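Notes follow the structure.
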Amino acid sequence: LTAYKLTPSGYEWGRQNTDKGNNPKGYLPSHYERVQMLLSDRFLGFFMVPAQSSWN
Amino acid sequence: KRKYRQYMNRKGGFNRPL
Amino acid sequence: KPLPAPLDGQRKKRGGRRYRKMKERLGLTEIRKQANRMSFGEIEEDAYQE
Amino acid sequence: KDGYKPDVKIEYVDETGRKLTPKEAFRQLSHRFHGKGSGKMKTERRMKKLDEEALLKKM
Amino acid sequence: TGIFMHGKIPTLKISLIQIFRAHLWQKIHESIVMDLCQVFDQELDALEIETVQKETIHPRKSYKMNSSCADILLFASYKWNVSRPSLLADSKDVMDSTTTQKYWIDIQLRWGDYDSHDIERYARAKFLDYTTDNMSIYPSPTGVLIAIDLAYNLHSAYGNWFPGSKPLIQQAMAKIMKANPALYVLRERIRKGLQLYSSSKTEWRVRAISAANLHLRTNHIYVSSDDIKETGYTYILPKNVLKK
Amino acid sequence: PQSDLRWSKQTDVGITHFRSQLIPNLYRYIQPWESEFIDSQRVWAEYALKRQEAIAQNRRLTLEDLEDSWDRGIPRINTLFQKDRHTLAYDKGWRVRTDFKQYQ
């Protein structure tokens with residue numbers, strides 16, 4: 001597992017870009033920034049699934 | 001032809017004979 | 001004992017006969033190939049296994 | 001240029017007319033350059049080898 | 001020998017002496033000059049050459065680098081118009097407005113190191129040096145100098161050329177690098193010294209099976225905790241949600 | 001130096017010259033210990049699941065089904081394929097023996 005956060009410059013580049021290619025223009029290494037992520041066993045999580053159809 | 005002129009024990013001039 | 005005076009006589013005058021058993025004891029016919037060879041081009045086993 | 005295809009062919013031969021191996025040609029050249037030929041025993045061995053080769057090639 | 005020893009390396013001195021034993025340099029030069037004379041005699045009348053000449057050569061000439069001399073002299077029945085100097089690979093040559101009757105050919109053997117293994121530069125420099133030298137006497141101002149690198153097996157000529165000599169010299173050099181006896185002996189001695197001799201149909205089932213064993217993958221979860229800014233909010237995602 | 005990267009080759013057409021930096025360092029080619037250990041843990045968990053599923057199918061793991069895990073793991077997925085495997089199972093105390101070998 002790994003966490004990732006988008007910089008405002010990265011968010012602007014993603015919003016401006018619309019091509020869905022393998023290496024689209026405007027993608028930069030500074031667009032994404034990893035953030036600290038720690039698992040825990042103290043609080044249980046909740047799961048939500050669509051009422052009509054399945055998530056798959 | 002294929003003549004091979006002498007180098008050793010000539011006793012003459014240093015330069016090769018014609 | 002004093003070290004014997006070094007000398008170099010004729011290494012061998014005749015061959016065959018017993019001479020062959022002599023080498024057989026030490027110097028027998030080994031593979032004599034691909035053991036003292038280096039294979040200039042490629043690499044056998046790992047690169048720096050040694 | 002003038003325009004031609006010169007057939008520059010260089011071969012090593014002996015007084016007997018047989019083509020010589022490069023080692024034999026080099027030996028002949030060195031013998032002629034040093035001014036001294038082979039000894040009597042070497043000459044006899046070479047003559048015997050040539051006679052044996054001629055006999056073998058005749059059948 | 002024509003080899004220069006940069007640095008007192010007795011090991012290399014002994015090795016080179018072993019390789020060039022029994023005046024091998026002089027024998028190599030002699031073999032080359034005789035082979036070239038034989039080639040020229042075999043193609044004598046085709047290029048209007050009256051005859052060839054065996055110049056009296058001092059033994060040291062083979063390994064004389066400071067000065068030089070003549071090796072082969074060509075005599076003509078008719079005038080040879082000569083061209084300006086060009087390399088062995090110079091397909092296009094500019095003709096010089098002069099003629100000659102006697103034409104000299106010189107053979108220089110060199111043992112080039114790594115930095116000076118360019119045969120063309122050496123041939124050009126030595127041709128422009130010996131011709132305008134005072135201790136080197138040439139029969140005619142016009143001629144050709146062929147430099148041969150034994151250490152790298154190269155050859156190049158830069159002198160003055162006449163029509164019809166270009167291909168003859170080219171195939172002569174080719175055949176003399178291919179089948180010279182003395183050169184073959186040099187190569188064999190070098191080899192001996194070096195001791196070197198010659199679908200969605202079956203993929204669905206695979207996916208289902210892999211997902212069946214994906215439960216065990218949740219028992220080992222790793223987090224890439226690196227390059228964290230340590231300034232933003234942290235993530236406290238629970239283990240149960242991640243397992244689900 | 002670039003001066004040592006030039007080389008010549010001669011053909012009948014003439015002589016042609018060619019060119020090609022820093023010497024690679026050893027530390028670039030040796031995996032770090034921490035990466036080695038995490039890799040070993042994950043690869044041996046993978047081998048455990050592969051072995052149990054092969055037993056479920058009543059078959060023996062081949063070289064190809066584990067070639068993805070070749071040269072990964074502190075023991076050696078590779079060693080799992082050595083012939084002496086059965087013999088080496090009784091060679092207990094071998095690390096201490098190798099350490100004490102300096103006295104013999």
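Count begins at 1; order follows the chain as displayed.
If you check the header, you will see the structure was determined by electron microscopy, 3.5 Å.
Keep in mind that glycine also has a Cβ here, set from the backbone N, Cα and C atoms.
Pulled from Swiss-Prot:
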CROSSLNK  D:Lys9  SUMO2 cross-link
CROSSLNK  D:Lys23  SUMO2 cross-link
CROSSLNK  D:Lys49  SUMO2 cross-link
CROSSLNK  D:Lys58  SUMO2 cross-link
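Everything Swiss-Prot records as a feature, shown here on the structure.
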| residue | record | DSSP (3 states) |
| --- | --- | --- |
| D:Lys9 | SUMO2 cross-link | coil |
| D:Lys23 | SUMO2 cross-link | helix |
| D:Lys49 | SUMO2 cross-link | helix |
| D:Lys58 | SUMO2 cross-link | coil |
List nothing but the one residue from D:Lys23, D:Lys49, D:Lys58 whose Cβ has the fewest other Cβ atoms within 10 Å; the candidates are the recorded sites. D:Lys58
Spacing of the two Cα atoms, D:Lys23 (SUMO2 cross-link) and D:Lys49 (SUMO2 cross-link), in whole angstrom, works out to 16
Recorded sites (D:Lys9, D:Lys49, D:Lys58) in Cβ proximity to chain E, threshold under 8 Å: D:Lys9
As a whole number of Å, the Cα atom of D:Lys49 (SUMO2 cross-link) is distant from the Cα atom of D:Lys9 (SUMO2 cross-link) by 29
Chain-internal residues, separated by at least six, CB under 8 A from D:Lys9 (SUMO2 cross-link): none
